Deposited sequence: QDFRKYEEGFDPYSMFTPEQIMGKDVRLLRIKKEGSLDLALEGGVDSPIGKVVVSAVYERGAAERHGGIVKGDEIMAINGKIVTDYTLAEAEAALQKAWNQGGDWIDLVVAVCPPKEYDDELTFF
């Protein structure tokens, strides 16, 4: 997280957060965000997730590849296409004030070997 007092239930219905570890991040605007996204409603995973953290995202910590973006400055984006989510993230970064607020579902630890290299 980046604000401790956040209650997901106050912003989402339980159906929207079932099984998710939902946290609030405040990211200070400096430099470029360099947070890449993938997914979207038009995609097989049906949600917006972080594909790479290159760097304002890297420097904040707290957000990594696989984490889901559920809201941007209070607007819920779980039903956005990828392009819509990128536009909203870029707009939030450019316009507005000193910080952006990202609500994220933190991806849990992997209980599998995600680095097999055999052929």
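Comparing the deposited sequence with the modelled residues shows gaps at 1-4, 59-60, with numbering starting at 1.
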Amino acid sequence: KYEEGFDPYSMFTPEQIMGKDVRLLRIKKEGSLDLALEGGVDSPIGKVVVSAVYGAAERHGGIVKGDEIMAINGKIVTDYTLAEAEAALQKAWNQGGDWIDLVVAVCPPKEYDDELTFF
From here on, numbers count along this sequence of modelled residues.
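The question of which stretch, 79-87 or 59-67, has the higher mean Cα B factor is settled in favour of 59-67. In this entry, 97-105 has the higher mean Cα B-factor, the comparison being between 97-105 and 10-18. Among the modelled residues of the chain, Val50 sits in the lowest third by CA temperature factor in this PDB entry. The PDB entry assigns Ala92 a C-alpha temperature factor belonging to the highest third of its chain's modelled residues. Remark: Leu37 belongs to the lowest third of its chain, ranked by C-alpha B-factor as recorded.
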